[PDB]
Amino acid sequence: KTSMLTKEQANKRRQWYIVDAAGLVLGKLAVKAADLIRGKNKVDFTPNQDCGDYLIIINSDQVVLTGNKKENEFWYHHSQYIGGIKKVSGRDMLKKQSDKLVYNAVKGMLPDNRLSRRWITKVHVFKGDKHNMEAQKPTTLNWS
Amino acid sequence: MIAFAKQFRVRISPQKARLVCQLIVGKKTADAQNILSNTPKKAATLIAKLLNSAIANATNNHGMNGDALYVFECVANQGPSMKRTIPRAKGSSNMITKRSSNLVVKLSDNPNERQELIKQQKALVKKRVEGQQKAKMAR
Amino acid sequence: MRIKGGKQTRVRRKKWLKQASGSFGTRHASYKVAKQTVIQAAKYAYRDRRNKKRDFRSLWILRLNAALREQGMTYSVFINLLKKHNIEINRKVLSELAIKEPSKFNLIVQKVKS
Amino acid sequence: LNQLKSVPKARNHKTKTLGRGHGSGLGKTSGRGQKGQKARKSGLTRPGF
Amino acid sequence: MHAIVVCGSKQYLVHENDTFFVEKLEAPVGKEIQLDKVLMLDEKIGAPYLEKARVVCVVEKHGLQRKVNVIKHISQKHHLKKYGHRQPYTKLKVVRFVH
RNA sequence: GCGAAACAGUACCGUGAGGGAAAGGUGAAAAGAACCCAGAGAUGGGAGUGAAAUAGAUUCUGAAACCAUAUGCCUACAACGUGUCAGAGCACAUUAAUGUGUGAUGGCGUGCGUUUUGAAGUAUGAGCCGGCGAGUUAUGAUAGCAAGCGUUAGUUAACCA
RNA sequence: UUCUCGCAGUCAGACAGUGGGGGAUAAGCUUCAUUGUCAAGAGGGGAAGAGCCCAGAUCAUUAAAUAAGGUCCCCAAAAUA
RNA sequence: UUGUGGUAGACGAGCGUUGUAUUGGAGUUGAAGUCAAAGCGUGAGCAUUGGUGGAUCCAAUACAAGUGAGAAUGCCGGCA
Ligand SMILES: [Mg+2]
Ligand SMILES: [Mg+2]
Ligand SMILES: [Mg+2]
C-alpha cells in the first residue's frame, strides 16, 4: 500500500480575470479559456471540485476566423420540431450574436459531465469593451 | 406512558384507513376527535370510536394528564384477508380478495417520547457489545 | 433416509444478500437480483482495481505538467532531464507531492539544469 | 483396534456425481455432451451398431 | 525535515514522527529497522541512491488489509470461480533519520 | 408418509362411469381471562390466575417476499443494467479495527440461465419469496486402485444350525 | 506429436490476409487449399465492432521501463527545422 | 527452475447435510431453530456476543444415502 495522494476538497479560492479578445482567433482563445475555467493549470488540480477561476471576455465581435470560413462554415441549431434547422454563417455570427459564438465554442470543449454545466457559467462573454463587472476587481492578462 | 388501543380485522382497506390516519397523526387530541368526526369517510367512523377508547384507556388506566395528550403514532397494518371467487365472461373465475386492517393508535403524554425509544434501541446494542467484551476474557 | 435441509440454503442466500447492502430498491431484498448485482459489482471491482492505477499515474502526470509549465519547461522535457543527466529514480508521484510542499521542488527543477 | 478411530489404507475414490453443479464439474450437461441422441435419456444404441 | 525513501517497492515522502504502511518486512514488533535505500534526504539528492544514508523506523504492527473478495464469472458460459485475498501489511513509524 | 394423523373416498366437479383435495400442537392443569373504563357490540385497555398473558383461545416456534412508523445522511438542471474506484461534508461509536451509515462531485460501466457461427438483445424462460423437484437400484461384463490367499492354486452358491 | 490401456467430447462453424472455382474479379454469398483470430479469450488502439493491429489476465501495490496507436481541449503525453 | 485464461470434456483433493456405531462432552445457571452485529478462513463454509425460544445437542474417526437449487410457459402456499 502507499501514502494516499493529496486532494483538496472545498478548499477552493477563485480569482477573476480579464482578457480583451481583440484580435485573437476563436479556437486558440477557446482552449485557453477552457483550461483557465477548469483550473487545469493549477498546481493542485483535484478532478472533482471546480478548482478553476472565473473569466470575462471583452470585445467579442472583434474575434477573427482564419481563411474563407466566414462564408463557408455554418453553425446549426435545431429545435425539437421538424424543419427547425436554423443555419447561420460565420459572417452573420460575427455580427448578430458574437458572444453566443464564443460561449458555444467554449462549452463544447468541456467534458460531458455535471460540473461542465456549472463550469461554463463561470464564463462571461461581453460583446463590447464596457461591462458592469468592474466590482469584482479582476486581474488582467494577455491572450488567455 | 403510551396507552394504545387496537381493533383487529376491521372490514376496511388498509390503504383507505391510512388516508385519515395521516390526518389524525401528530395532532392534539382536542383537535383530533372532532376533526375525525367531521370528515366524510368510512375510515373515520371506524377510528373515532377507537381514538375515544384510547382516550379513556389513557385517562382511567394509566393516569395521564389529558390535555397534555397527543396522538403519538398512527397506522393501519394489514389484517387477515378473505379470498372469494367472482364469475366472469365465459366462466373464468377471478379471485376477489377482501382486505382488513389492524388499526392501532398510540397516545403519548410527554412531548418528546421519541428519544426514549431511541434510548432503548441504544441500550439493546450497548448490552450486546458489553457481553461481547466480557467474553473477550477467555484467557 | 430423507434429508430436507432448509438451513443451508437460507444461510447461503443470507450471505449473498448481506453482500449487497446499500443497493437500490429490491436489489437488497430478493436474492435472485442480489446475486446478479454482487457478481457485477465484483467484476467492476476487478476492472477498477487496475483502472485506478491506470488513472492515478495520469493524474500525477497532469499535476506535474502544471507545476513545470510555470517554470519554463514541459513535462515531456523534464523526464529526459531526470534519466539521462543526473540519473534519478525519484518516483512520478513524489515529484508531484513536492509541489504541495513547494520551494523544495524548485530545487529539483533547477537541479537538472546542469 | 479402537473402533472410535478405524481407518483404511486407500479405498475411497472420486465419486463422479453427475448433476450437482459446475464447481465439481460434471454439472448441467452432466458429461452427456450437448443435445445429441446420447444426450437424451436412454441413448447408446444397440451394442453392435 | 522531510525525506524520500524506498521501502518495499514504493517510494514514500516521510517526515519525523509519521506512521506509514509498507509491504511485509519479516521483522517482529518493536524492533528498529534501518531502511537502506534513500533518495533526496534533505536538499541533498543522491542520483542513483543517497549513499551511506538510512532512515531508522520502529515497526508498530503486522496486519491484514480489508478483505478483497474477487469473483470472476464468464457470462452465460458455465463459470463462477471465486477467490479471496487479504494482503498483509506492516505499519511502522520513524524515530529519526541518519544524516 | 396410504389419496386420508380430523367424521376422507368426506366436501366438491360431472347427468354417468369416474375424478377428487386442504388443514394437527395454549398450559403441566382452564386457574378459558369474575370486576372496572371506553363502546351498541364484538373487542380493546387495566385488574385477576399463572413461572411467562410478546402463552389469551388469531392459541408451540414464527424466516422471507410483502405493508406501514421512526432517529441519522442524501435528493426538486437532471440522461441513470442503478453498481464500482476515487472523494468532500454530515451524524454516530465497534466481534478495536489503517472503523461505522449515508454519499453533493470525477473516472468507468449495454443483467442471469438457455441455445447459437455470434445475443445487452427488436430471440426466447422466470412477477416476487419459501418449500417440493431430475443420473439411483437389482443381477451380470470389462478396466483402474487396495486387500486376503498362492504355484497341482483360489473359491463357494442353494441349503442347515 | 510414436506404441498399448480406461474415459469422453465433437461432425450447424464465422471472419481478415493469400491462390483459385461457381458467381457478374457482386454480395457480411457459396465451395475449397493455406496463415491467423474468434469460438472456448479478458486489456490497449480502433469513437462505438467476437473475427483487424498489438498482446495472451495467478492475486494485491495510489511502483518503473515499453509494444501497436498517439501528443490544441474533450483525452495522458512535443518541441524545433 | 519452468509455469498457474478457458466452454464442452478427462483427472485429483475437498466443505456441508441426515442418520447409525463406538469414544469424549455441553444443557432450564437455558438446547436446537430465528433474526441482528462494525469477526475468522484460498472456496465450499465456520465461529463469538446479545434479544427471542423453552428441550435436546456439539466435536473427533469410519459407515450409509430420498445428500446440496435461480431458471423446467415447473408443482403447492403466500404476497405484490
Ligand atoms: Mg439443453
Ligand atoms: Mg446453473
Ligand atoms: Mg415472444
# chains A, B, ... in the order shown; residues from 1 in each chain; ligands from 1
>>> interface_residues(of="chain D", to="chain E", cutoff="10 Å", atoms="only C-alpha atoms", output="PDB file with N, CA, C and O atoms, in the first residue's frame")
ATOM      1  N   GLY D  21     -24.044 -29.352 -10.024  1.00  0.00           N
ATOM      2  CA  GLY D  21     -23.486 -28.029 -10.183  1.00  0.00           C
ATOM      3  C   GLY D  21     -22.250 -28.059 -11.035  1.00  0.00           C
ATOM      4  O   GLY D  21     -21.844 -29.102 -11.551  1.00  0.00           O
ATOM      5  N   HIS D  22     -21.622 -26.898 -11.190  1.00  0.00           N
ATOM      6  CA  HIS D  22     -20.445 -26.765 -12.040  1.00  0.00           C
ATOM      7  C   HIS D  22     -19.125 -26.825 -11.294  1.00  0.00           C
ATOM      8  O   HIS D  22     -18.127 -27.251 -11.869  1.00  0.00           O
ATOM      9  N   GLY D  23     -19.082 -26.384 -10.041  1.00  0.00           N
ATOM     10  CA  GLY D  23     -17.806 -26.298  -9.351  1.00  0.00           C
ATOM     11  C   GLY D  23     -17.109 -27.637  -9.253  1.00  0.00           C
ATOM     12  O   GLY D  23     -15.887 -27.726  -9.395  1.00  0.00           O
ATOM     13  N   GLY D  25     -17.601 -29.744 -11.506  1.00  0.00           N
ATOM     14  CA  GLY D  25     -17.503 -30.193 -12.900  1.00  0.00           C
ATOM     15  C   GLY D  25     -18.648 -31.133 -13.118  1.00  0.00           C
ATOM     16  O   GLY D  25     -19.379 -31.337 -12.150  1.00  0.00           O
ATOM     17  N   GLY D  27     -21.590 -31.015 -14.549  1.00  0.00           N
ATOM     18  CA  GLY D  27     -22.760 -30.318 -13.998  1.00  0.00           C
ATOM     19  C   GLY D  27     -24.007 -30.412 -14.838  1.00  0.00           C
ATOM     20  O   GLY D  27     -24.517 -31.514 -14.997  1.00  0.00           O
ATOM     21  N   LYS D  28     -24.456 -29.298 -15.394  1.00  0.00           N
ATOM     22  CA  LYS D  28     -25.754 -29.294 -16.089  1.00  0.00           C
ATOM     23  C   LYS D  28     -25.758 -30.295 -17.230  1.00  0.00           C
ATOM     24  O   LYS D  28     -26.638 -31.155 -17.226  1.00  0.00           O
TER      25      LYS D  28
END
>>> residues_near_ligand(ligand="ligand 1", cutoff="12 Å", atoms="only C-alpha atoms (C1' of nucleotides) and all ligand atoms", output="PyMOL selection string")
(chain D and resi 27-30+32-37+39-40) or (chain F and resi 113-116) or (chain H and resi 72)
>>> atom_distance(atom1="atom CA of residue A:119", atom2="atom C1' of residue F:105")
12.7 Å
>>> residues_near_ligand(ligand="ligand 3", cutoff="12 Å", atoms="only C-alpha atoms (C1' of nucleotides) and all ligand atoms", output="JSON, numbers by chain")
{"F": [122, 123, 124, 125], "H": [73]}
>>> write_last_selection(atoms="N, CA and C atoms (P, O5', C5', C4', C3', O3' and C1' of nucleotides)", output="PDB file, in the first residue's frame")
ATOM      1  P     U F 122     -35.010  -8.612 -26.579  1.00  0.00           P
ATOM      2  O5'   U F 122     -35.499  -8.643 -28.068  1.00  0.00           O
ATOM      3  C5'   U F 122     -35.894  -7.381 -28.608  1.00  0.00           C
ATOM      4  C4'   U F 122     -36.021  -7.500 -30.086  1.00  0.00           C
ATOM      5  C3'   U F 122     -34.746  -7.565 -30.910  1.00  0.00           C
ATOM      6  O3'   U F 122     -34.969  -8.479 -31.992  1.00  0.00           O
ATOM      7  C1'   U F 122     -36.056  -5.799 -31.679  1.00  0.00           C
ATOM      8  P     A F 123     -33.874  -9.549 -32.406  1.00  0.00           P
ATOM      9  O5'   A F 123     -34.308 -10.869 -31.639  1.00  0.00           O
ATOM     10  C5'   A F 123     -35.621 -11.017 -31.090  1.00  0.00           C
ATOM     11  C4'   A F 123     -35.901 -12.499 -30.817  1.00  0.00           C
ATOM     12  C3'   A F 123     -36.567 -12.832 -29.489  1.00  0.00           C
ATOM     13  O3'   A F 123     -37.980 -12.700 -29.461  1.00  0.00           O
ATOM     14  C1'   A F 123     -34.781 -14.340 -29.825  1.00  0.00           C
ATOM     15  P     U F 124     -38.704 -12.483 -28.016  1.00  0.00           P
ATOM     16  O5'   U F 124     -38.403 -13.842 -27.290  1.00  0.00           O
ATOM     17  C5'   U F 124     -39.350 -14.865 -27.310  1.00  0.00           C
ATOM     18  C4'   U F 124     -38.700 -16.194 -26.893  1.00  0.00           C
ATOM     19  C3'   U F 124     -38.822 -16.658 -25.410  1.00  0.00           C
ATOM     20  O3'   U F 124     -40.071 -17.295 -25.212  1.00  0.00           O
ATOM     21  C1'   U F 124     -36.595 -16.961 -26.142  1.00  0.00           C
ATOM     22  P     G F 125     -41.027 -16.927 -24.010  1.00  0.00           P
ATOM     23  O5'   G F 125     -40.767 -18.028 -22.905  1.00  0.00           O
ATOM     24  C5'   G F 125     -39.438 -18.409 -22.657  1.00  0.00           C
ATOM     25  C4'   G F 125     -39.297 -18.942 -21.220  1.00  0.00           C
ATOM     26  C3'   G F 125     -39.800 -18.049 -20.097  1.00  0.00           C
ATOM     27  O3'   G F 125     -41.174 -18.135 -19.748  1.00  0.00           O
ATOM     28  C1'   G F 125     -37.529 -18.619 -19.681  1.00  0.00           C
TER      29        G F 125
ATOM     30  P     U H  73     -41.770 -25.379 -19.025  1.00  0.00           P
ATOM     31  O5'   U H  73     -42.572 -24.063 -18.694  1.00  0.00           O
ATOM     32  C5'   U H  73     -41.923 -22.837 -18.617  1.00  0.00           C
ATOM     33  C4'   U H  73     -42.887 -21.726 -18.796  1.00  0.00           C
ATOM     34  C3'   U H  73     -44.185 -21.777 -18.012  1.00  0.00           C
ATOM     35  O3'   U H  73     -43.847 -21.239 -16.710  1.00  0.00           O
ATOM     36  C1'   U H  73     -44.550 -21.055 -20.260  1.00  0.00           C
TER      37        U H  73
END
>>> interface_residues(of="chain C", to="chain H", cutoff="6 Å", atoms="only C-alpha atoms (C1' of nucleotides)", output="list in words")
residues 1, 2 and 3 of chain C
>>> select_by_dssp(residues="chain C", states="alpha helix (DSSP H)", output="number ranges by chain")
C: 7-19, 31-68, 75-78, 80-83, 94-100, 105-111
>>> atom_distance(atom1="atom CA of residue E:44", atom2="atom CA of residue C:101")
16.3 Å
>>> residues_around(residues="residue B:114", least_positions_apart="2", cutoff="9 Å", atoms="only C-alpha atoms (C1' of nucleotides)", output="number ranges by chain")
B: 72, 111-112, 116-119; F: 70-71
>>> residues_around(residues="residue B:20", least_positions_apart="5", cutoff="12 Å", atoms="only C-alpha atoms (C1' of nucleotides)", output="list in words")
residues 13, 14, 15, 25, 32, 35, 36, 37, 38, 39, 40, 41, 42, 43, 44, 45, 46, 47, 48, 74, 75, 76 and 103 of chain B
>>> closest_atom_pairs(of="chain A", to="chain C", cutoff="10 Å", atoms="only C-alpha atoms", output="Markdown table")
| residue | atom | partner | partner_atom | distance |
| --- | --- | --- | --- | --- |
| A:3 | CA | C:94 | CA | 9.9 |
| A:5 | CA | C:97 | CA | 7.7 |
| A:6 | CA | C:97 | CA | 7.4 |
| A:7 | CA | C:100 | CA | 9.9 |
| A:39 | CA | C:66 | CA | 9.8 |
| A:40 | CA | C:66 | CA | 7.4 |
| A:41 | CA | C:66 | CA | 5.0 |
| A:42 | CA | C:66 | CA | 6.2 |
| A:43 | CA | C:67 | CA | 5.1 |
| A:44 | CA | C:63 | CA | 6.3 |
| A:45 | CA | C:63 | CA | 6.3 |
| A:46 | CA | C:59 | CA | 8.9 |
| A:47 | CA | C:59 | CA | 8.6 |
>>> residues_around(residues="residue E:89", least_positions_apart="3", cutoff="12 Å", atoms="only C-alpha atoms (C1' of nucleotides)", output="PyMOL selection string")
(chain A and resi 1-2) or (chain E and resi 8+20-27+59-66+86+92) or (chain F and resi 98) or (chain G and resi 60-61)
>>> write_last_selection(atoms="C-alpha atoms (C1' of nucleotides)", output="PDB file, in the first residue's frame")
ATOM      1  CA  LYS A   1       0.000   0.000   0.000  1.00  0.00           C
ATOM      2  CA  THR A   2       1.123   3.639  -0.002  1.00  0.00           C
TER       3      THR A   2
ATOM      4  CA  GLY E   8       9.400  -2.355  -0.457  1.00  0.00           C
ATOM      5  CA  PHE E  20       3.043   4.685   7.166  1.00  0.00           C
ATOM      6  CA  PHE E  21       2.083   1.250   5.881  1.00  0.00           C
ATOM      7  CA  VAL E  22       4.518  -0.786   3.732  1.00  0.00           C
ATOM      8  CA  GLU E  23       4.574  -4.350   2.460  1.00  0.00           C
ATOM      9  CA  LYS E  24       5.582  -7.160   4.785  1.00  0.00           C
ATOM     10  CA  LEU E  25       9.141  -6.854   6.088  1.00  0.00           C
ATOM     11  CA  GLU E  26       9.676 -10.054   8.132  1.00  0.00           C
ATOM     12  CA  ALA E  27      10.555  -8.298  11.380  1.00  0.00           C
ATOM     13  CA  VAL E  59       7.829  -1.304  13.421  1.00  0.00           C
ATOM     14  CA  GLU E  60       4.417  -0.936  15.011  1.00  0.00           C
ATOM     15  CA  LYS E  61       2.336  -3.855  13.830  1.00  0.00           C
ATOM     16  CA  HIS E  62       1.692  -6.577  11.286  1.00  0.00           C
ATOM     17  CA  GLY E  63      -1.845  -6.569   9.989  1.00  0.00           C
ATOM     18  CA  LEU E  64      -4.075  -7.848   7.215  1.00  0.00           C
ATOM     19  CA  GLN E  65      -5.760  -5.338   4.931  1.00  0.00           C
ATOM     20  CA  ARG E  66      -9.505  -5.348   4.368  1.00  0.00           C
ATOM     21  CA  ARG E  86      -6.134 -10.389   2.443  1.00  0.00           C
ATOM     22  CA  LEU E  92       5.623   1.499  11.140  1.00  0.00           C
TER      23      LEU E  92
ATOM     24  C1'   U F  98      -5.277   1.940   8.527  1.00  0.00           C
TER      25        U F  98
ATOM     26  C1'   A G  60      -2.754  -7.233  -4.101  1.00  0.00           C
ATOM     27  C1'   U G  61       0.520  -2.197  -4.855  1.00  0.00           C
TER      28        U G  61
END
>>> residues_around(residues="residue B:128", least_positions_apart="2", cutoff="12 Å", atoms="only C-alpha atoms (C1' of nucleotides)", output="VMD selection string")
(chain B and resid 121 to 126 130 to 135) or (chain F and resid 94 to 95) or (chain H and resid 36 to 37 48 to 51)
